[PDB]
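J.: This is the structure I want to talk about, given as structure tokens.
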Amino acid sequence: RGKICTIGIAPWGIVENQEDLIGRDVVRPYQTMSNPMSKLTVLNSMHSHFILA
Amino acid sequence: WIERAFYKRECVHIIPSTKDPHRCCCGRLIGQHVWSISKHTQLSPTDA
Amino acid sequence: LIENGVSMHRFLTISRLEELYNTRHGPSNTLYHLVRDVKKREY
């Protein structure tokens, strides 16, 4: 049963690749390649919904 | 309708220094800069 | 390989798929028979 409807309230600046998320109504793929030295923390991939505060 | 109802913002004015000249209080770099408390953020429609 | 990341459309070109249609370094294929037969219709 994998429609859990989870929502992730993450800050807009805390997430990684802010330039990747630029674009209106555009399917922008994000890779789960985690950089160990970046302060921009990676996303959690299998969340269904996201809110960028 | 979602873009015309929900707005983003981006502090770009003032640009202070916090123990480093590139390190703004708004988090971005000094060259990267293009609440309003000591940030002077500007409201704009959301592009994300 | 896709579990780390491949992003398959970036993995493809015309030429990469084309060499993949010609090499036989594995399972046997019947393309040698078929493309000879349809160029007999193109002969």
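Note on naming: chains are A, B, ... as they come in the structure tokens, residues start from 1 per chain, ligands start from 1 in the order shown.
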Please, which residues of chain B, numbered as in this document, come out helix (DSSP H, G or I) from DSSP, as a list in words?
T.: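 Residues of chain B classed as helix (DSSP H, G or I): residues 2, 3, 4 and 5 of chain B.
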J.: Counting only C-alpha atoms, collect the residues of chain A whose closest atom lies at most 6 Å from chain B, and write them out as a VMD selection string.
T.: chain A and resid 21 to 24
J.: What is the distance, in Å and to one decimal place, between atom CA of residue 22 of chain C and atom CA of residue 9 of chain C?
T.: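 Between atom CA of residue 22 of chain C and atom CA of residue 9 of chain C the gap is 20.2 Å.
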J.: Could you work out how far atom CA of residue 16 of chain A lies from atom CA of residue 31 of chain A, giving the answer in Å with one decimal?
T.: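 Between atom CA of residue 31 of chain A and atom CA of residue 16 of chain A the gap is 10.2 Å.
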J.: Tell me which protein, DNA and RNA residues are within 10 Å of segment 35-37 of chain B, counting only C-alpha atoms, leaving out same-chain ones fewer than 3 positions away, and put them as a compact mmCIF listing (two decimals) with N, CA, C and O atoms, in the first residue's frame.
T.:
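Here's the written file result-v5.txt:
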# COMPACT_ATOMS: atom_id res chain seq x y z
N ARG B 9 9.90 35.08 -2.24
CA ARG B 9 10.66 36.27 -1.89
C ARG B 9 12.14 35.93 -1.88
O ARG B 9 12.52 34.76 -1.79
N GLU B 10 12.98 36.96 -2.00
CA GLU B 10 14.45 36.72 -2.05
C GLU B 10 15.18 37.96 -1.54
O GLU B 10 15.28 38.95 -2.29
N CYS B 11 15.68 37.91 -0.30
CA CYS B 11 16.47 39.04 0.25
C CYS B 11 17.72 39.23 -0.62
O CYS B 11 18.50 38.27 -0.74
N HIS B 13 18.93 42.94 -1.18
CA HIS B 13 19.50 44.22 -0.78
C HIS B 13 20.28 44.04 0.52
O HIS B 13 20.35 42.95 1.08
N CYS B 26 21.75 36.63 4.73
CA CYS B 26 20.75 35.94 3.93
C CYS B 26 21.24 34.61 3.38
O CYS B 26 20.52 33.98 2.59
N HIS B 40 16.04 43.00 3.74
CA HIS B 40 15.30 43.77 2.73
C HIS B 40 14.89 42.88 1.55
O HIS B 40 15.23 43.13 0.39
N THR B 41 14.17 41.81 1.88
CA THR B 41 13.68 40.89 0.87
C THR B 41 12.56 41.53 0.06
O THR B 41 11.88 42.46 0.52
N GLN B 42 12.38 41.05 -1.17
CA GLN B 42 11.40 41.60 -2.09
C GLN B 42 10.42 40.51 -2.51
O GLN B 42 10.84 39.44 -2.96
N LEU B 43 9.13 40.79 -2.36
CA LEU B 43 8.09 39.84 -2.75
C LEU B 43 7.94 39.82 -4.27
O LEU B 43 8.00 40.86 -4.94
J.: Mind listing as a PyMOL selection string which residues of chain C are within 9 Å of chain A, counting only C-alpha atoms?
T.: chain C and resi 4-5+7
